[PDB]
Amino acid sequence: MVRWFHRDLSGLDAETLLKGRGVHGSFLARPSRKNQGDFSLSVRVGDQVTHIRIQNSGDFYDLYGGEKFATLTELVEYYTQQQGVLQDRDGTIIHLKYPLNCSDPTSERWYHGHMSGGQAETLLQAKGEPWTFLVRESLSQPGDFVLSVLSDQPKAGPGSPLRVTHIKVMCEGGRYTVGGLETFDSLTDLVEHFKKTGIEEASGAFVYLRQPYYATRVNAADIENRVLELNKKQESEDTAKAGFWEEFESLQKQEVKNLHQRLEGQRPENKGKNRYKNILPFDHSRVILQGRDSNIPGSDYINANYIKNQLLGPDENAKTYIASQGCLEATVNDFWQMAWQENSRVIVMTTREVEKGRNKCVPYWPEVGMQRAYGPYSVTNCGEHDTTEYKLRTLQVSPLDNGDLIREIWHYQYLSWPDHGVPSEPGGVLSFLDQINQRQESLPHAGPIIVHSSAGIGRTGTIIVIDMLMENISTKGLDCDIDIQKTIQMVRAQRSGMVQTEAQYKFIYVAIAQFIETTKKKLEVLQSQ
């Protein structure tokens, strides 16, 4: 779990690393300078960093008294799961929330970091192709690595999965070696060498490296190096336009295993309620409109889905979303019904009213000073603010029969997204989103952020994914786990075809990349107190 542990780190610079980059509950593990051979657990507590000694007797890992562990990983996971109380010298109970990662030793995609042999074995065997390789951390010997390669020999009899050989990669003296005569400056150099020559091994047998098993898990802080790698149009098969294309094709080709019920949207009574016949909400995740007759077929229908971060820890809160389509003339009143029942206080519109003389969305707000009734709800446009990229409308909605239940609704309309493709730079969207995030966070009781475009798939999907990933970095801090392909796959499970084009897919990468840089520079100005 996560790419923790550092190899050449001392307490003094471990503190500055945690205090500068990490938040509360940030932690990492490194070898102890004092008492050599043992380990240290550097944990962040508010603004102060505390260090805890870990005993390595060769048989067990403990904190000099307390339950013992086979591996250092077992010790950490234990206290992370809170299966035992962690307390430092004085007695203060310490909590292990978010780990702080070391940089990826290589920018190459075949590196998976902290992964057990069991895991490594399974997904390699799954591929099936012999001499498929993977580089990972060594869970047995903390400070080493493992080159997990799939042999051309079955592990059992015939028809059994192929055997996995684990070549231990050592980092003795800051140089990489497989225990042989030659050493390397970097893993990339080591791997590239053994691709040509092959790994011999004492017995005379051979292990070759022909095709890499790619990872998508990337350390958030080093996403810039990944975006450079994914731009490279390299492939053994030849003519595979970019590495971004392959990652996106993985998602697009996985749509065959996504046949789920969309019956309610296909009702004849709902035909005019969809902007597109082929684009419909999954029945399990569709927003269901309240206060309708039910004996009128399809009265509860709106083309919208609840979308939330399913790849997030137990009982830990985050932003929830609703991905809707741009309002049609008929659906206008239903939109507000949804907005009311879900208690949404922020709305994100990622399109213009008219694009190239073609309907993408019709307005559902009165103009400044005006007050219009939308079904059973009254809404007033209390003010408009114009920015380069976006338009902020301070809306005020309430029911008609009452009126004491007035709610402030902040409407954010992005009107700088090009007709073809994606924005030129990601800077506008980041500012746009930053303001949206601050709004929702300032409103504790606020329901899901409604995000809508035209079909509510491409532009909205892109926005949600970026925003989910941003929050993930704002909550866990940078130097954290990020898998963009998986995050998308997770939101695609809740609404069909989130993120439509490769350009949008790449936009999410470059967006977080600039976000990660502007996070580095905003800690550059603070630095020390």
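Note that residue numbering follows the sequence shown and begins at 1.
Taking the mean C-alpha B-factor of each stretch as recorded, 324 to 332 and 173 to 181 are not equal, and the higher mean is that of 173 to 181. With 265 to 273 and 238 to 246 compared on mean CA B-factor from the PDB entry, the stretch scoring higher is 238 to 246. The residue among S160, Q396, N305, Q81 whose C-alpha atom has the highest B-factor in the PDB entry is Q81.
In the deposited coordinates, the residue among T462, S40, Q48, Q489 with the greatest CA B-factor is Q48. Ranked by C-alpha B-factor against the other modelled residues of its chain, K34 falls in the highest third. Among the modelled residues of its chain, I94 has a C-alpha B-factor that falls in the middle third according to the deposited record. Annotation for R44: CA B-factor lies in the middle third of the chain's modelled residues. Annotation for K68: CA B-factor lies in the highest third of the chain's modelled residues. Among the modelled residues of the chain, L228 sits in the middle third by CA temperature factor in this PDB entry.
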